[PDB]
Amino acid sequence: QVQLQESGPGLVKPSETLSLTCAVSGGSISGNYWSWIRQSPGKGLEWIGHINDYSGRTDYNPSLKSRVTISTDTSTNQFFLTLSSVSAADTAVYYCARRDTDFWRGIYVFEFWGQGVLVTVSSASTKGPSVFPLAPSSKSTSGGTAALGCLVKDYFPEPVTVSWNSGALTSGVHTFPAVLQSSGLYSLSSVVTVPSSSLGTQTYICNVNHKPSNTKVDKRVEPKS
Amino acid sequence: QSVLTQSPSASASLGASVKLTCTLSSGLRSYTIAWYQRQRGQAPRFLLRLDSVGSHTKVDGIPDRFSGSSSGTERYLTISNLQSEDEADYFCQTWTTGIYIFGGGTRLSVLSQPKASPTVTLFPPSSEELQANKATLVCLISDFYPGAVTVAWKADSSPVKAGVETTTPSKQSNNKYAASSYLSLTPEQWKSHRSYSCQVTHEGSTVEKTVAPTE
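Listed below in structure tokens is the structure:
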């Protein structure tokens, strides 16, 4: 039946304009209610608006009306969204969709959806990480072992690479996925589980490489005295 | 005050049945709703419409194990004989004079292997970070299944919500999940309390780790 696919930039700077395209196939020649919907983190879905491509007329969510434009290009089977003057509140997964025209028992529904595209409103620029040692602790590890690590804080964009002892230490290493913070910067942690008996003699260094900023840090992680 | 209320999460194992509830505000008590499914990385799928007396519209391509029923202000989606692919966000929706109202969605986990409880590792701020006039508590959560947790932080015994950043769970190489949560403090806040705690809730059970600045 109807297939939909969103595309467009994944990042937009605050106060600038977000633009998205939807490519469709299997729609009607005329009379489609091409729609946009979004979902922000922690919130429910929110309708943005639609255009009917027989009448050419639009309907928008009143809270967004001043900032939204929806339009079509029938000749290339596409329709479009623009959202001006964006702020952090506009970070969301954006969906294109097609509304039904059955009005069964007084409801309209979205019969077909695209897979959605994440757009993040971000003022972040290339920035190297601060690297802090996470001194060894055996409180949460199995008998005879201790966990130690490095906190790789406030960098942009992804990725960072973390190795241990220049790649000689790979067993027991868990580098966690980064969190994207509200600041627009990433932070992650890399932890390695090692023998507690080794803490007095074996040196542990985390090697952090942030290729986007050409920053490298080799941080010794020492036991607390 | 048109509101559709759904519980945020639910879990069940393969082959079981589950009933998800959408509760309609009193002004919407006679309204028709639609149910949708959103599987991870997939387009949302329209599942069915369901009116106040319990009639529904079956949708082409939707398995017969999805059905709907109604009772007063409540609208139900029942999924029988759960399959692994039924793990999804399920959300309800209605329409009121050109306004779309959505529920918040229920994230249903469908267990296809046994529950695994999380390991929780909590690190205090490093002395180096405190010297840089910052302080981050690091709560690392690993080896849990299904991939659904909530994290609560406490200062001494009081909940703390500001300064908290938590990842969505991500699948590890061993098919269990990992997540991390970070609490940002000032050095003065860190040194002034007796302790801070990271509490992880997973499938009803809780694990709480605590760190004290005097350590």
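Line order of the protein sequences matches chains H and L. FYI, the numbering for the first sequence is 1 to 52, 52A, 53 to 82, 82A to 82C, 83 to 100, 100A to 100F, 101 to 215, going by the authors' numbering. FYI, the numbering for the second sequence is 1 to 9, 11 to 27, 27A, 28 to 52, 52A to 52D, 53 to 211, going by the authors' numbering. All C-beta atoms, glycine included, are put in the ideal place defined by N, C-alpha and C.
Is residue i close to chain L? Criterion is C-beta to C-beta, closer than 9 angstroms.
{"i": "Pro202/H", "result": "no"}
{"i": "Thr131/H", "result": "yes"}
{"i": "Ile100C/H", "result": "yes"}
{"i": "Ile37/H", "result": "yes"}
{"i": "residue 271/H", "result": "Given a span of 1 to 215 for chain H in the structure shown, any question on residue 271/H remains unanswerable."}
{"i": "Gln105/H", "result": "yes"}
{"i": "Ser120/H", "result": "yes"}
{"i": "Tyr90/H", "result": "no"}
{"i": "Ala85/H", "result": "no"}
{"i": "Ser179/H", "result": "yes"}
{"i": "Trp100/H", "result": "yes"}
{"i": "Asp58/H", "result": "yes"}
{"i": "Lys43/H", "result": "yes"}
{"i": "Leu80/H", "result": "no"}
Quick one: using the 10 Å Cβ neighbour count with 16 as the cut-off for buried, is residue i buried or exposed?
{"i": "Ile95/L", "result": "exposed"}
{"i": "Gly106/H", "result": "buried"}
{"i": "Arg29/L", "result": "exposed"}
{"i": "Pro114/L", "result": "buried"}
{"i": "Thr75/H", "result": "exposed"}
{"i": "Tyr53/H", "result": "exposed"}
{"i": "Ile29/H", "result": "exposed"}
{"i": "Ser172/H", "result": "exposed"}
{"i": "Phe102/H", "result": "buried"}
Are any of the Cβ atoms in chain H nearer than 9 angstroms to that of residue i?
{"i": "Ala128/L", "result": "yes"}
{"i": "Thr162/L", "result": "yes"}
{"i": "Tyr96/L", "result": "yes"}
{"i": "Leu118/L", "result": "yes"}
{"i": "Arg49/L", "result": "yes"}
{"i": "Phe87/L", "result": "yes"}
{"i": "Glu70/L", "result": "no"}
{"i": "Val134/L", "result": "yes"}
{"i": "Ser52C/L", "result": "yes"}
{"i": "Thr32/L", "result": "yes"}
Since residue i and residue j should fall inside the 8 angstroms C-beta cutoff, what is the C-beta to C-beta distance between them, to a whole number of angstroms?
{"i": "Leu133/L", "j": "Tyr192/L", "result": "6 angstroms"}
{"i": "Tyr145/H", "j": "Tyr176/H", "result": "5 angstroms"}
{"i": "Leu78/L", "j": "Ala13/L", "result": "6 angstroms"}
{"i": "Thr163/L", "j": "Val169/H", "result": "5 angstroms"}
{"i": "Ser105/L", "j": "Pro167/H", "result": "Rounded, the Cβ-Cβ distance is 19 angstroms, inconsistent with contact."}
{"i": "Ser65/H", "j": "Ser15/H", "result": "The pair is not a contact, with the Cβ atoms about 14 angstroms apart (cut-off 8 angstroms)."}
{"i": "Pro123/H", "j": "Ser122/L", "result": "5 angstroms"}
{"i": "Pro183/L", "j": "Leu126/L", "result": "5 angstroms"}
{"i": "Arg49/L", "j": "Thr53/L", "result": "5 angstroms"}
{"i": "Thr193/H", "j": "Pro119/H", "result": "With 8 angstroms as the limit, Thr193/H and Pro119/H do not qualify as a contact, their Cβ atoms being about 21 angstroms apart."}
Using a Cβ-Cβ cutoff of less than 6 angstroms, which residues in the same chain neighbour residue i once the five nearest sequence positions on both sides are dropped?
{"i": "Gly162/H", "result": "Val182, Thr183"}
{"i": "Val3/L", "result": "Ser26"}
{"i": "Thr117/L", "result": "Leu136"}
{"i": "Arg38/L", "result": "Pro44, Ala84, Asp85"}
Considering only residues of the same chain and omitting the five flanking positions on each side of residue i, which have a CB-CB separation below 7 angstroms?
{"i": "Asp86/H", "result": "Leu18, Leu82, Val111"}
{"i": "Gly52B/L", "result": "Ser65, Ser66"}
{"i": "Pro213/H", "result": "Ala125, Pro126, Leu189"}
What residues are listed by DSSP as bridge partners for residue i?
{"i": "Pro123/H", "result": "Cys140/H"}
{"i": "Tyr100D/H", "result": "None; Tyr100D/H has no bridge partner."}
{"i": "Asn197/H", "result": "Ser153/H, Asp208/H"}
{"i": "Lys20/L", "result": "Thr74/L"}
{"i": "residue 212/L", "result": "The question about residue 212/L has no answer here: the residues shown for chain L are numbered 1 through 211."}
{"i": "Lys167/L", "result": "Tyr173/L"}
Tell me which same chain residues have a C-beta within less than 8 angstroms of the C-beta of residue i, skipping the five on either side of it?
{"i": "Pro155/L", "result": "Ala148, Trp149"}
{"i": "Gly99/L", "result": "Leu4, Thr5, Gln6, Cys23, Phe87, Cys88, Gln89"}
{"i": "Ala114/H", "result": "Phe146, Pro147, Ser173, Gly174, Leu175"}
Below 9 angstroms on C-beta distance, what does residue i contact in chain C?
{"i": "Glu101/H", "result": "Absence of chain C from the displayed structure is noted, the protein chains being H and L."}
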